[PDB]
Structures are given as structure tokens and as C-alpha cells.
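Notes follow the structure.
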Number of protein chains: 4
Amino acid sequence: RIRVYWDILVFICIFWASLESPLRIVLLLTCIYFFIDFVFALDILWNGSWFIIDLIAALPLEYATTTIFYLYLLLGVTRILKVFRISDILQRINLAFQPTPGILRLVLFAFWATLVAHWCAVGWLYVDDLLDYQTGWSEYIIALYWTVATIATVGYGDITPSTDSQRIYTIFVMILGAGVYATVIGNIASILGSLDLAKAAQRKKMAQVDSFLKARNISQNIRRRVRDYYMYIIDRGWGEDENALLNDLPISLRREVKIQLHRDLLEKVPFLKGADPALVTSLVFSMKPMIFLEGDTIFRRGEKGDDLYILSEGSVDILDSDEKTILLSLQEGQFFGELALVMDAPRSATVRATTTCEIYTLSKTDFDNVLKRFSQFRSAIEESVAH
Amino acid sequence: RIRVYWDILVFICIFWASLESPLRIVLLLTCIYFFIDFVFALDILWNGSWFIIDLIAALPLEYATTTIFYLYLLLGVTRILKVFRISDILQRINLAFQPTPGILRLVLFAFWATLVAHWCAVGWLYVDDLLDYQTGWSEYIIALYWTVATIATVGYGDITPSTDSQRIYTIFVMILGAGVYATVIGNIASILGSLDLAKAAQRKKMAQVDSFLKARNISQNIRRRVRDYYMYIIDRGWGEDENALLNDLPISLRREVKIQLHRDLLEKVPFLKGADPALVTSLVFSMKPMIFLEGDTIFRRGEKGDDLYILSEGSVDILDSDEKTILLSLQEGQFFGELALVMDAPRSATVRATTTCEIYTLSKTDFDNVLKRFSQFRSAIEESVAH
Amino acid sequence: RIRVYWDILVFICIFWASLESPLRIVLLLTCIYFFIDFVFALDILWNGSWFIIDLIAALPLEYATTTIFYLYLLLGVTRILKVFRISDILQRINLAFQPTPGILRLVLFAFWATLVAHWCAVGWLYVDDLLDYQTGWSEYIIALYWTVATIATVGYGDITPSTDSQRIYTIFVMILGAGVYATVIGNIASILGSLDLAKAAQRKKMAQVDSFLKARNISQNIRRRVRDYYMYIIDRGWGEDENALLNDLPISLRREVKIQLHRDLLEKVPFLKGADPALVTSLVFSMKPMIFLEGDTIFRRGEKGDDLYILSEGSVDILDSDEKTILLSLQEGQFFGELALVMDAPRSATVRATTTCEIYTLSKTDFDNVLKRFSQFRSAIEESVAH
Amino acid sequence: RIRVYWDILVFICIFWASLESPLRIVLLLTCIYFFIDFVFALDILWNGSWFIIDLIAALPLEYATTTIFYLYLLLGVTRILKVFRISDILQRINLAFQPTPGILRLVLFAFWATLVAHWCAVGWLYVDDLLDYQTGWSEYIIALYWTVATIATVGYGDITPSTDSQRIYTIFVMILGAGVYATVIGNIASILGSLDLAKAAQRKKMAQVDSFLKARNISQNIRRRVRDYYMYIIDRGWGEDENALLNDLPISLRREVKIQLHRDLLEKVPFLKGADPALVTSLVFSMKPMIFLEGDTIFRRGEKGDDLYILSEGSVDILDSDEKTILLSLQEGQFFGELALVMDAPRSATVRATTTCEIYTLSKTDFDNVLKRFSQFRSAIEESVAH
């Protein structure tokens with residue numbers, strides 16, 4: 001990234017120089033130039049033909065020749081040529097930050113446009129400098145006034161050519177300026193559109209479903225809740241096939257990331273706080289994420305229970321016989337199903353979702369195999385299972 | 001949604017204030033301001049730094065200070081700052097309505113552009129206010145005339161700078177205004193294009209088929225009818241894999257929606273009018289939607305029949321031996337195949353599609369299993385089967 | 001389609017009327033109006049509130065009232081309102097022709113823009129009509145000159161407001177005109193882009209392959225020929241999974257299309273000229289399309305042959321022992337492999353592709369099963385097999 | 001391609017002629033025309049109605065008629081008509097080079113626009129030529145000044161109509177010019193956007209993964225390295241299912257390309273330098289590309305080894321017992337696993353990835369089957385296996 005920071009400095013220096021150069025026609029400054037070349041010399045150190053290019057730009061010219069003994073204007077070009085290296089700078093910049101395509105283009109266009117306007121105004125002056133001797137800020141300002149007004153397509157008509165020469169130049173400018181403006185629009189369009197495309201991809205599935213529903217002419221009562229369903233899922237990203245998605249990752253780091261995912265749900269549950277990491281790993285691999293909606297009878301009392309439900313998110317009602325006696329308002333970090341699973345029994349209580357619930361589920365098969373191995377952590381939750 | 005309605009009110013108030021503020025330079029109104037702040041105070045109630053921000057905007061300032069004892073212009077800024085909260089308002093708005101991306105952007109640009117034009121005109125005046133004392137509506141109007149003409153890229157050239165100061169300001173304005181216009185185009189492009197993309201997705205499949213047909217150089221006689229085939233299917237949405245599509249839905253509500261789909265074809269058929277809902281559910285799950293074209297020999301007399309055809313949509317000809325005697329012009333809500341299926345027989349009559357027909361089909365296997373269970377509804381249609 | 005032709009007529013009539021109406025302010029014509037309403041009356045026949053709308057437009061007004069006894073200008077509006085029905089006309093038009101989205105939009109914008117310019121110019125006149133009595137063509141022309149120049153963003157600055165009233169109107173116009181122009185661009189962008197998207201889809205696969213090749217850094221010698229390979233395939237459409245593609249078609253018409261495909265390769269081959277259609281159908285279903293490249297040793301003499309090759313397109317060299325004696329320059333409509341397949345033998349000759357070759361292949365299994373059934377067409381080619 | 005080069009020449013000639021023609025109104029040149037037609041005559045040789053068209057353009061007209069005996073202006077049209085053939089030229093051009101869609105459009109628009117401006121200026125002159133006799137360069141220049149200023153939407157307002165006639169023409173021009181400019185933008189937008197789409201496709205997968213990670217709220221420590229992982233893969237193209245990708249290629253050339261891929265990794269390894277090509281082919285088909293990350297314990301000493309690892313790219317540490325004694329710093333072109341695989345043993349040493357490593361892997365099964373066949377190349381590496 002530091003290498004990129006170096007690029008930024010150099011870039012700025014080049015830009016400044018390209019503005020100072022063309023002005024030649026009409027102490028500290030000298031010291032500034034020393035700095036410029038000095039920086040360029042450091043660039044050479046940072047680094048065939050490219051060497052030659054950099055070398056040339058870094059050659060302390062006019063000053064040197066001044067101390068030895070329009071031409072300085074001509075010499076100014078030596079620092080301009082270097083600009084071509086931007087093609088590699090950009091690559092490094094993208095590598096550094098990785099932004100949305102077009103953003104960088106926008107920056108470049110702003111840069112180029114700026115230079116164009118400046119040089120064009122100078123050219124205008126040149127033509128009219130032949131109508132005088134020297135000029136001041138007022139003239140330069142006027143040149144820009146005309147220049148910009150023309151480039152921007154506005155055209156106040158305040159200033160116009162008198163000779164064919166001037167007319168010709170004007171025509172040249174009009175063509176170029178128009179093109180520039182068009183390309184500006186180009187970026188804006190491409191950038192903005194691409195942003196929309198990204199969002200469209202996200203909604204893709206839900207949209208298809210909605211379309212279907214519309215074809216079936218289903219009432220809003222449901223369709224709205226359907227959309228919401230997908231929206232929430234999208235927010236969580238749980239709808240993604242985590243497994244298959246991760247399956248393209250180098251198994252080494254893949255597992256490390258998987259461990260990070262194990263970290264995501266591991267801390268809340270005291271069982272896992274007091275579990276070993278081989279267990280945690282094994283189990284995390286096993287655990288499946290299930291979504292329940294408000295009111296869902298997750299467990300039905302009397303029915304054979306074959307899975308542990310670890311409540312990541314949401315509120316749950318553990319109800320006895322009467323389906324009213326909330327035995328437990330079961331919340332994030334709690335866990336249920338253990339009574340029936342450890343006892344190899346039917347659910348001795350009913351379990352209702354209060355809210356929408358995110359639960360990690362552990363089938364009896366996995367539960368038994370895992371805690372067969374981890375019999376000390378079979379002994380663990382079995383402890384609590386007594387009540 | 002009410003929370004969003006509150007946002008709308010606040011938004012409007014802010015906008016109004018931002019127009020009244022900059023005008024400061026050249027009773028009821030006071031009461032209006034009371035209302036404004038009052039509303040903002042309610043916003044505080046609706047709700048750290050954001051508190052401070054709202055607080056500031058809601059501070060009844062100039063009036064207070066007037067009763068205590070250019071500056072009022074300065075104080076007006078206190079209500080402007082708050083505008084930043086739009087970033088959250090927008091989120092809520094989208095959540096509320098969920099419109100096509102870009103539409104909201106368009107609105108925002110209209111809003112911002114409006115303010116820009118207003119403030120810019122004021123700035124113009126300021127520069128030329130230094131050329132006078134006070135001004136009236138005519139001057140304000142003229143300012144807008146110039147401002148808009150410039151921003152819109154038109155440029156009549158009626159009004160122009162005289163001093164460099166003015167020229168500079170003008171250049172600034174030209175740059176900004178041009179950019180604004182460009183972004184306006186941006187939205188229009190992105191919005192319109194996205195609309196086309198949606199439609200393209202719909203035709204995607206048919207288009208591929210058409211392309212194939214064109215490669216094979218098939219005559220219009222067919223290709224047109226092919227397109228129509230797909231068009232109709234699209235209209236109905238029947239081409240969608242309803243099952244797989246629905247398979248990503250929380251089984252609870254999924255089933256409820258499935259029930260809504262059961263509702264869609266359940267009422268017409270008297271068998272199902274007089275069926276129980278366990279049957280209906282079971283059967284609805286079983287029923288498959290089949291499309292027949294005009295003239296199709298759905299049944300052939302003499303051939304083993306192994307399915308019930310419930311006519312959702314279209315006209316059908318039940319023909320005896322001679323293939324002319326329309327035993328029954330069978331229409332929406334009618335059903336056929338029951339004779340052979342209940343009798344375990346061959347079709348004792350031929351069945352032709354009059355029109356295009358949407359039929360829900362029940363295989364003999366499902367039919368028998370279902371009505372084995374629902375033997376009272378086996379007894380039911382079997383009643384009618386006598387004729 | 002005739003119904004659509006009727007729409008076209010009506011549309012045109014409406015347009016004309018909307019141009020004649022606003023002109024009111026400054027014999028045959030009367031008869032023309034009779035025609036207009038007459039046409040609208042027929043439209044009523046072609047057809048609640050829509051009835052009322054049409055009715056109103058078809059009411060022969062000013063003339064009637066003239067014979068009974070500015071106001072006529074006012075009455076002209078009665079034919080304008082009807083324009084709203086375009087929303088349904090467009091649907092019918094698309095159904096009729098089915099063109100690329102955006103094309104229709106372009107037409108609509110041209111239509112609307114035209115009307116806007118006209119009405120705007122009239123408004124301009126109105127404002128300045130208050131500065132005079134009556135005007136002629138010259139004034140109308142001038143109005144358009146200003147109007148268009150403004151709308152098109154050009155702005156010559158030749159004509160400008162003098163009163164605030166005029167300035168206000170101008171500002172209104174500038175805003176509207178600018179917006180119009182922007183929307184024009186919108187269509188152009190969306191249309192053109194969509195065209196590119198279509199082509200991109202076509203090249204999609206080949207492009208992916210090319211990308212791979214570029215990553216592998218393979219020489220042009222191959223990559224070019226690879227591209228060509230895909231290009232040719234694309235041209236033919238043979239790369240499409242015809243089967244799976246067709247598998248979404250109503251089996252009835254699907255088969256009919258399949259028959260059309262059977263027609264495509266059936267005529268050339270005398271075997272099939274003199275075959276029955278049950279065979280042709282059966283066989284066509286069986287035949288598989290295979291592509292060979294120049295030089296390919298399709299058959300190798302001595303090797304067990306288990307397939308018939310029916311040459312759709314290209315040139316083939318049947319070579320004996322020496323691989324030089326072209327036993328047969330085998331061309332489109334010819335067929336080979338029959339000797340070995342009928343004789344249950346090894347290829348007694350070698351077969352080379354001269355050119356790229358499109359061949360329909362018939363495995364020995366299918367060949368035998370088919371011509372087991374069609375033993376008379378087993379006897380057929382077996383006849384020729386003698387040599 | 002030469003045929004295309006011929007097109008280029010002809011195209012240029014046509015263009016030149018279309019500029020010279022309209023100028024008619026106000027020696028060597030004659031010889032130039034001879035050349036023009038001559039070239040067109042050659043075109044006829046390069047080649048019904050198209051013959052007639054070319055013929056006409058190639059007819060040496062004005063000169064002929066001059067030697068026989070405004071009208072010449074009229075005759076100039078004979079070379080213009082031919083331009084229509086561009087529709088076929090373009091096809092050939094694309095076939096020749098195959099560039100990004102839109103690029104060619106851009107060229108065409110530049111071409112057409114140029115001609116429009118020229119002809120329009122002439123028309124302007126014509127109108128004002130009726131106000132004089134003859135004109136010179138200055139007038140022509142002025143015409144262009146006005147023309148371009150108008151077309152480009154700038155509009156200085158320096159020149160304007162005086163008669164209605166002129167006003168009308170102007171209006172016509174304004175409309176056309178505006179449209180042209182719009183279409184210019186169209187291309188720019190479509191081209192630029194399509195470029196972005198290509199890149200988006202490339203990042204598609206990684207982006208999806210990143211999105212997931214963001215939803216899971218994983219730290220940068222990993223996400224950055226994840227992106228890098230994909231980036232590198234993309235750079236290499238190794239993530240592509242080479243097999244399946246290639247599976248759509250004509251097996252003949254497909255294999256040849258496969259051989260090119262065999263060439264890609266074949267040379268480094270002395271085993272394969274001194275192997276036969278049947279082996280190389282067989283083996284290359286077998287070899288699988290595997291990626292290891294820095295630090296990866298590729299082999300663990302003591303564990304059963306069942307695969308040969310041929311190091312395409314990267315650095316590897318062969319470590320004995322102590323996991324420090326780098327037995328071999330194993331680099332590109334080296335190979336490991338052979339000791340255990342030839343000895344049917346456990347890894348007698350541990351192997352760590354120094355860097356990221358690209359390795360082609362050969363399972364023991366394939367290894368044994370291959371070198372069972374190629375027992376002389378089983379004897380080969382087995383030689384070295386001694387140490």
C-alpha cells in the first residue's frame with residue numbers, strides 16, 4: 001500500500017507540473033522544482049525505456065542551464081511525458097482498494113478534462129497573444145470563461161472569432177469539448193446502472209416468486225409477508241448454501257473460516273463454553289440452521305423427539321400439558337430438546353415459537369454419535385437434563 | 001407506515017425552511033416557524049449526536065432572540081443541518097413501498113436541483129447586490145432566468161459577467177450546473193434500461209427457442225403459434241416449477257400458500273364442494289396441471305384409462321363411438337375420466353379438446369389411494385359414475 | 001391485425017385534430033371533420049366510461065352548433081381527451097408485431113414531443129398576441145424557431161423575454177424542454193444497449209473458452225480456429241440441445257415441429273424418398289447430428305463398424321486399402337457405413353472427411369431395431385450394399 | 001483478410017468522392033478520378049443489382065462527356081449510391097477482426113456525422129448563395145462554423161436567419177443535429193457499460209462469497225486474503241472446470257488442445273523429458289492440478305502416501321524427522337511423493353509448502369496403472385527413488 005502512496009505523490013507532482021509548464025509564455029518556485037525532480041529521482045530508485053523516461057523527467061533542466069549560462073517552456077515537456085506510466089499506477093491502485101469500476105474512470109476524466117481546459121485556454125490566448133504583447137490574470141480568466149462555456153456546450157456567445165484562423169481553432173475546440181462532455185455522461189451512466197444491477201441480483205429470487213404470486217393473483221396479506229420473509233433471509237444471508245459456497249475454498253483456510261463460523265454461535269451456550277474444541281469443531285460441522293415462524297409448534301408434547309434445538313435468535317415458549325404454562329421463556333443462548341433426546345423419549349413438553357426463531361439443530365443421530373465420543377459432554381448436558 | 005408518514009411531514013418542513021432561509025438578505029410567518037419547530041420537537045419525541053442535531057433544528061431561535069432583545073439569516077442554518085438524516089428516512093421509505101431502484105433517486109435529484117438553483121440565484125444576486133441596495137421580485141426572477149438558462153446548458157447569452165469576480169462565479173456555476181444535468185440523464189438511463197431487463201428475463205426462454213427455429217428456418221405458420229404458446233404460458237405463469245419455486249418457503253406458511261392454491265381450483269367442482277378438507281389438501285397436493293391444444297384426443301375410446309381430468313379452463317367434447325355425438329360439452333368445473341377410472345376400464349368414450357384446455361390430472365394411483373382413504377368420496381363421484 | 005390497422009387510422013386522426021385545435025386563436029376542412037367523427041363513430045361500433053369518452057370525441061360539435069346558431073377552440077378539446085386509450089392500443093400493437101422494447105417508446109416520444117413543441121409555440125404567441133391583434137405564418141414560424149431552439153438546448157439568444165411574465169413562461173419552457181431531450185437520450189441508450197446484450201448472450205460460451213485459452217496463453221494458430229468452430233456452430237444452432245429445448249413444448253405440436261425437423265434432412269436420401277413415414281419418424285427421432293473436421297478418419301478400414309453416417313453437409317473420401325483410391329467422393333445426400341453395418345462386419349474401407357462434415361449417425365442398435373421392424377427397408381439399402 | 005483490405009480502399013475512395021461531389025457549385029484531380037473509377041472497376045472484378053450499382057459508380061462520366069462535347073455536380077451522385085454495400089463490408093470486417101460491439105458503430109457515426117456536417121454547410125451556403133454569385137474559403141469556413149456550432153448544441157448566436165426560408169432550414173438542421181449528438185452518446189454509453197459487464201462476470205463468484213462474509217461480519221484479516229485467493233485463481237484461470245469446458249470441443253482438435261496443455265507442464269520434469277509421448281499423453285490426461293497455501297503440511301512423515309506431487313509452481317520444504325532439516329528445497333520442475341509411492345510406503349519425510357504451490361497430482365492408482373504399462377518409466381524414477 002505504501003508503494004501506492006508513493007504513486008499518489010508522484011501523480012500529484014506531475015499534475016502540478018503540467019499546469020506550470022504551458023504558462024511559460026506570459027525563487028521558492030525554483031526550490032519547488034528541485035523537490036519535484038528530487039521526488040522523481042526517488043521514483044527511479046523505487047524502480048529500460050521506462051528508466052529513460054523517468055530519468056528524463058527527473059533531469060533538473062532549466063535551472064541547471066540557467067546557472068550554466070521560451071526555451072524553458074519547451075524544456076517543461078520533459079516532465080510531461082512521464083504521465084504515460086499511469087497505466088501501471090492504476091493497476092496498483094485497484095489492487096490496493098478494489099472499488100466499483102467506473103469510479104476510477106471518473107477520477108481520470110476529471111483529471112484529463114482539467115488539463116484540456118487549461119491548455120485550450122492557453123491556445124486561445126496564443127492566437128490572440130499574436131494580437132498583443134503580454135497579458136495578465138484578467139485575460140487568462142477570460143480565456144477560461146470562453147473555454148469552459150464552449151466545452152460545457154453552454155455557449156453564451158459573448159466571445160467569438162473574427163479571423164478565419166480563429167474560426168478554425170474554435171471549430172477544433174468545439175469538437176473536442178463536445179466529445180469530452182459526452183464521455184463524462186458515459187461514466188455516470190455506467191456507474192449508476194451497475195449499482196442497480198448488483199441490487200437486482202440480490203432480489204432476483206424473491207422477485208421471481210412475487211411474479212408467480214402475481215400470476216396466481218394472491219392477496220397482499222400473504223405476498224407482503226413473503227417479501228418480508230425473503231428480505232430477512234437476505235439480511236442474514238442464511239438463504240445462501242454456505243456449504244457449497246465454501247466448497248470452492250482451499251480446504252485449509254476454508255476450515256479456518258469454518259472455525260470462524262463455529263466461533264459465531266459457540267460462546268452463548270454454557271455447554272460449549274465448557275466443551276473442548278474437538279467437540280465444538282465436530283459439532284459445528286454437524287449443526288444445521290433452521291428458521292421457525294411465530295406460533296410454530298416446534299415440539300409437540302407426546303411426540304417422539306429426535307433433535308436438539310439451540311436457540312441462536314428469538315423467543316420460545318416451553319409449555320407443559322396445558323399449552324399455557326410457560327415452563328421456560330427460552331431465549332438466545334438457550335437450548336431445548338435435550339430432555340427427550342438424552343432420555344430417548346417423546347417430547348414431554350410442547351414448544352412454541354414466540355417470535356421468528358433461528359435455531360441450530362442437532363439430529364439425534366449426530367447428537368448420539370458426537371456425545372458417544374464426547375461422553376464427558378454427554379455427561380454434561382445430561383446433568384442438567386434431570387430438570 | 002405511519003412512522004414513514006411522519007418522515008414525509010418533516011421532510012417537507014425542512015425543504016420549505018431551506019427556501020425561506022437564504023432569502024433573508026433582501027406575523028403568520030412567525031407562527032409558521034412555531035409550527036415548524038413544534039413538529040421538529042415531536043420528531044425528537046419520535047426518536048446521541050442525532051439528538052443534538054434535532055435539538056438544534058428545533059430551537060425556536062430568531063423569534064426568541066427578538067423577544068429577548070442578517071443574524072437571522074445566519075440562524076436559519078440551524079434547521080438546514082438536520083437534512084442529513086434523509087439517509088435513514090430513505091431506508092424506511094423503501095421498506096414501506098419497495099419501488100423500482102432509481103425512482104427514489106429521481107425524486108432526490110429533483111429535490112437537490114431545486115435547492116441548488118435557488119441558492120445559486122441568490123449568490124448571483126449577492127454579487128450584484130453589491131452593485132445596489134435592495135431588490136424586488138423582478139431582480140429575483142431575472143436571477144433565476146440566468147441561473148436556469150445556465151444550468152440547463154441552454155445559455156441565451158442575455159446576461160453576462162462584467163468583472164472578473166463575476167466571471168469566476170459564473171465559471172463555478174457552469175461547472176456545477178453541467179454536472180447536475182448529467183446526473184439527471186443518469187437516472188433516466190438507468191431506470192429505463194432496468195425496466196427492459198425485467199421484460200427480457202421474462203421472454204428469455206421463448207427467445208432462445210425462437211432463435212433455434214430461425215436457425216432451422218422454420219416457417220411462420222409454426223413459429224408464430226410457438227411464440228403464442230409461450231406467451232399464454234407466461235400470462236398464466238404455469239410454466240414455472242411451482243413446486244421447486246415454493247420449496248424455498250418456510251414449510252409452515254408454504255403450506256398455507258399451498259392451501260391458497262388449493263383454494264384457487266377447489267370451488268367449481270361439486271365433488272370438492274362436498275368434500276372434506278383433508279381430502280382437498282391431500283388431493284390438491286396430488287393434482288397436476290396439464291395443457292391440451294385444440295383438437296387433442298385427450299381420451300381415446302377403447303384405450304385403458306388411468307387418470308381423472310378436472311377441467312379448470314377450456315371446452316371439451318365428450319364423444320361416443322362415432323366421434324360426433326357430443327355426449328357432453330364439458331366446461332370449466334367439469335371433470336372427466338371418472339367412468340373408466342372408477343370402473344377400472346378402458347375409456348368407453350373419446351374426448352377431444354375443443355379449445356386450449358387447462359386440466360388438473362389425477363393419476364389412477366393417486367385417485368385410488370386418495371379415495372381408498374376417502375371411501376365416502378369414492379362413493380360420491382361413483383354415484384354419478386353410473387351415467 | 002385488422003383491429004390494429006383500425007387503431008392506426010384512429011391514432012392518426014387524433015394527432016391531426018390535436019394540431020388543428022390550438023390553432024383556433026388566429027369548407028373542405030369542415031368535411032374533413034365530418035370524416036374524423038365518422039371514423040370515431042365507427043370506433044364506438046368497434047367497441048362504460050370509455051364509451052362516454054369515445055362518444056364525446058365523436059360528437060360533431062362546432063359545425064352542429066354553427067348550423068344551430070374562441071368557443072370552437074374550446075370545443076376542440078372534445079377530440080383530445082380520447083388520446084388516453086393509447087394505453088390499450090399499444091398493447092395490441094406489440095401483440096401484433098412484437099418488436100424490440102424501446103422502439104415503440106421512441107415512436108411515442110416523437111409523437112409527444114411534436115405536440116409539445118406545437119402547443120408551446122402557441123403559448124409563446126399567446127403571450128405576445130397580447131402585444132398585437134392577429135398574426136400570420138411568419139409569426140408562427142418565429143415562434144417555432146424560438147421554441148425548438150430552446151427545447152433542443154441550443155439557444156441562439158436571438159429572442160428573449162422583456163417582461164417578467166415572459167421570463168416566467170420561458171423558465172417553464174426551459175425546464176420542460178430540457179427534460180424531453182433527456183428522455184430522448186434515454187431511449188437511444190436503452191435500445192442500443194439491449195441490442196448488444198442479445199449478441200453477448202450468443203457469444204457467452206465461446207468467450208468463456210477464449211478467456212481460458214488466453215489464461216493458458218495458447219497460440220493464435222488454435223484460438224482463431226476455436227473461435228471459428230464456435231462461430232460456425234452458432235450459425236447452424238447445432239450446439240443447442242435441440243431435445244431439451246423442445247422438451248418444454250406441448251408434445252402434440254412438439255412432435256409436429258419434430259416432423260418439420262424430420263422434413264429438414266429427409267428428402268436428399270433416396271432410401272428415405274422410398275421409405276414409409278412411420279420409419280422416417282422413428283428414424284428421425286433416432287438420428288444424431290455429428291460434426292467432423294477436415295481430415296478426420298471417420299472410418300478406419302479393418303475396424304469394427306457400428307453406425308451409419310448420413311452426410312447432410314460436406315465432402316467425404318471413401319478410400320480402399322491404399323488410402324488414396326477414392327472409391328467414392330461422397331457428398332450431401334449420400335450415406336456410408338451401410339456395408340459394414342448390414343454385413344455385421346469391420347469397415348472394409350477407410351473414410352476420411354474432406355471438409356467439415358455434418359453427419360447424422362445411426363447406431364447399429366437403432367439401425368437393427370429400426371430395420372428389423374422395417375425389414376422391407378432393411379431389404380432396400382441391403383440391395384445397394386452389394387456394392 | 002486481403003478481401004477486407006480491398007474493402008478499406010474502396011470505402012476510403014467513396015468517402016473522398018462524397019466530399020468532392022457537393023462542392024461542384026462554387027488536371028491531377030481528373031487523373032485522381034480515373035484512379036477512383038479504376039479501383040471501382042477492380043471491385044467489379046472482385047465481385048445482379050449490385051453489379052449494376054458498382055457498374056454505375058465505376059462509369060467514367062463527366063470527363064468522358066467533357067471530351068465528347070452543374071451537370072457534373074449531378075453526375076457526381078453516381079459514385080455516392082454505391083455506399084449502400086457497406087452493410088456487407090461491415091460483416092467482413094467483423095469477421096476479420098472481431099472487436100467489441102459498438103466500436104464499429106462509433107466509427108460509422110464519425111463517418112456519417114462528418115458527411116452530414118459537410119452537406120449541411122453546403123445547403124446553408126446554397127440558401128445564402130442565392131444572396132450572391134460565387135464564394136471562397138472564408139464563406140465555406142463560416143458555413144461550417146455555424147453548422148458545427150448548431151449541431152454540437154453549443155449555439156453562439158453569431159449567425160441567424162433573416163428570412164422565413166432560412167428559419168425553416170435552420171429548424172430542420174437543429175432537429176437533425178440534435179439527434180446525431182444523442183446517438184453519439186448512445187454508443188459511448190453502450191460500449192463503456194458492456195466493458196463493465198465483462199469484468200463483473202469475472203468477479204461474480206468471489207463477489208457472492210464476499211457478500212456472504214459481510215453478512216457473517218467476518219474480519220478483514222480473512223476477507224482480504226479470500227479475495228486475493230480468488231484473484232490469483234482468476235489470474236491463472238485454474239478455477240475453471242477445464243474438463244467440462246473442453247468437453248464441448250470436437251474431440252479431434254480438443255485432444256490437440258489437450259496436447260498443448262500437456263505441453264504446458266511437460267518440459268521441466270526430466271522424467272518426462274525422457275518419457276515417451278504415449279505416456280505423456282496418458283499421464284497428462286490423468287494429472288490433477290492442486291493448490292496449496294503457505295505452511296501446508298502436504299506430506300506428513302509416517303502417514304501412508306498415495307499420490308505424486310509434481311511442482312509446477314512454488315517452493316516446498318522436504319523435511320526429515322525434526323521438521324527443520326530441509327532435505328530439499330523443492331522448486332518448479334521438481335517432484336515428490338515418489339519415494340513412498342514406489343516403495344508402497346508411508347511418507348518417510350514431511351513436506352511443507354513454503355509458498356503458495358501449484359502441484360499436479362498423480363494418485364497411486366493412476367501412477368501404478370500408468371507405470372505398470374510404462375514399466376521402463378517405472379524403472380526410470382525408481383532409479384532416482386533410491387535417494
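We label chains A, B, ... in the order they appear in the C-alpha cells, count residues from 1 in each chain, and number ligands from 1 in the order shown.
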
I'd like the contact shell of residue C:194 - 10 Å cut-off, only C-alpha atoms, skipping same-chain residues fewer than 3 positions apart - returned as JSON, numbers by chain. {"B": [193, 196, 197, 200], "C": [100, 101, 102, 189, 190, 191, 197, 198, 199, 200], "D": [190]}

Residues near residue D:261, anyone? I mean within 9 Å using only C-alpha atoms, not counting same-chain ones fewer than 6 positions away, as JSON, numbers by chain. {"C": [216, 218], "D": [284]}

Any idea what's packed within 12 Å of stretch 5-18 of chain D, counting only C-alpha atoms, ignoring anything in its chain fewer than 4 positions away? Could you give it as a PyMOL selection string? chain D and resi 1+22-24+29+32-47+54+57-58+73+75-93+96-97+108+110-112+114-116+118-119

Residue list for chain D near chain A as a VMD selection string, 7 Å, only C-alpha atoms: chain D and resid 138 145 152 to 158 185 188 to 189 192 to 193 196 209 212 215

Strand (DSSP E) call set, DSSP backbone run, stretch 50-295 of chain A, as a ChimeraX atom specification: /A:288-292

Find the residues near residue D:323: any atom within 12 Å, counting only C-alpha atoms, skip ones fewer than 2 places away on the same chain, and give them as a PyMOL selection string. chain D and resi 295+297+299-301+317-321+325-328+348-352

Atom CA of residue A:162 to atom CA of residue A:124: how many Å, to one decimal? 12.7 Å

Write out as a VMD selection string all residues of stretch 230-322 of chain B that DSSP puts in alpha helix (DSSP H) for this structure's backbone. chain B and resid 230 to 236 242 to 246 251 to 266 270 to 273 277 to 286

Using only C-alpha atoms, which residues sit within 8 Å of residue A:271 once same-chain residues fewer than 5 positions away are excluded, as a list in words?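 Answer for this query is residues 377, 380 and 381 of chain A.
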
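For the atom pair formed by atom CA of residue C:137 and atom CA of residue C:20, the distance is 14.5 Å, given to one decimal.
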
Just the residues within 9 Å of stretch 126-132 of chain B, please, counting only C-alpha atoms, with nothing from its chain fewer than 6 positions along; format it as an MDAnalysis selection string. chainID B and resid 25 165:166 169

Please, what distance in Å, to one decimal, runs between atom CA of residue C:336 and atom CA of residue C:312?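 Computed distance, atom CA of residue C:336 to atom CA of residue C:312, equals 11.5 Å.
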
Between C:361, C:281, C:65, C:369, which has the minimum distance to residue C:311 (counting only C-alpha atoms)? C:361

Can you tell me which residues surround residue A:275 at a distance of at most 10 Å, considering only C-alpha atoms, apart from same-chain residues fewer than 4 positions away, and format the answer as number ranges by chain? A: 266, 269-271, 279-280, 374, 376-377, 380

Just the selected residues (N, CA, C and O atoms), exported as a CSV table (one decimal), in the first residue's frame, please.
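Result went into part-v7.csv, see below:
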```csv
chain,number,residue,atom,x,y,z
A,266,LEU,N,-20.8,-20.3,19.0
A,266,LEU,CA,-20.2,-21.0,20.1
A,266,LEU,C,-20.3,-20.5,21.6
A,266,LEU,O,-20.5,-21.3,22.5
A,269,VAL,N,-23.8,-20.6,24.5
A,269,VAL,CA,-24.1,-21.8,25.2
A,269,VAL,C,-23.1,-22.3,26.1
A,269,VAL,O,-22.0,-22.8,25.7
A,270,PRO,N,-23.4,-22.4,27.4
A,270,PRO,CA,-22.5,-22.8,28.5
A,270,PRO,C,-22.0,-24.2,28.3
A,270,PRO,O,-20.9,-24.6,28.7
A,271,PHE,N,-22.8,-25.1,27.6
A,271,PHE,CA,-22.3,-26.4,27.2
A,271,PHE,C,-21.1,-26.4,26.4
A,271,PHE,O,-20.2,-27.2,26.6
A,279,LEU,N,-14.8,-31.3,20.0
A,279,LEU,CA,-16.2,-31.4,20.1
A,279,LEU,C,-16.8,-30.2,19.4
A,279,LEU,O,-17.7,-30.4,18.5
A,280,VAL,N,-16.4,-29.0,19.7
A,280,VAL,CA,-17.0,-27.9,19.1
A,280,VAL,C,-16.9,-27.9,17.6
A,280,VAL,O,-17.8,-27.7,16.9
A,374,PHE,N,-17.9,-37.8,22.8
A,374,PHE,CA,-17.7,-36.9,23.9
A,374,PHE,C,-18.6,-37.2,25.0
A,374,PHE,O,-19.5,-36.4,25.4
A,376,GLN,N,-18.1,-37.3,28.1
A,376,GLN,CA,-18.0,-36.3,29.2
A,376,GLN,C,-18.9,-35.1,29.0
A,376,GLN,O,-19.3,-34.4,29.9
A,377,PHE,N,-19.2,-34.9,27.7
A,377,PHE,CA,-20.1,-33.8,27.4
A,377,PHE,C,-21.5,-34.4,27.0
A,377,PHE,O,-22.4,-33.6,26.9
A,380,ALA,N,-22.1,-34.0,30.9
A,380,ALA,CA,-22.5,-32.6,31.0
A,380,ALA,C,-23.9,-32.0,30.8
A,380,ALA,O,-24.3,-31.2,31.6
```
